[PDB]
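Quick note: the authors' numbering has the sequence shown finishing at residue 83, numbered continuously throughout. Idealized CB from N, CA, C, for every residue including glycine. Reading through the structure tokens given below for one structure.
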Amino acid sequence: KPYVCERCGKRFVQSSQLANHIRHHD
Ligand SMILES: [Zn+2]
């Protein structure tokens, strides 16, 4: 899955979790 945190370089299998991840960078 091409879903990686542009903000810290961590990626996720789930698009939801990646957005959840980056939501914590908001
Ligand atoms: Zn991140």
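Suppose you measure from the CA of residue i to the CA of residue j; what does that come to, to the nearest Å?
{"i": "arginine 80", "j": "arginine 68", "result": "13 Å"}
{"i": "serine 73", "j": "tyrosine 60", "result": "10 Å"}
{"i": "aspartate 83", "j": "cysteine 65", "result": "12 Å"}
Which class does residue i belong to by DSSP, given the choice of helix, strand or coil?
{"i": "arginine 80", "result": "helix"}
Below 8 Å CB to CB, which residues in the same chain sit around residue i once its five sequence neighbours on both sides are set aside?
{"i": "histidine 78", "result": "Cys62, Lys67, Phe69"}
Excluding sequence positions up to five away, which residues of its chain have a Cβ less than 6 Å from the Cβ of residue i?
{"i": "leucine 75", "result": "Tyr60, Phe69"}
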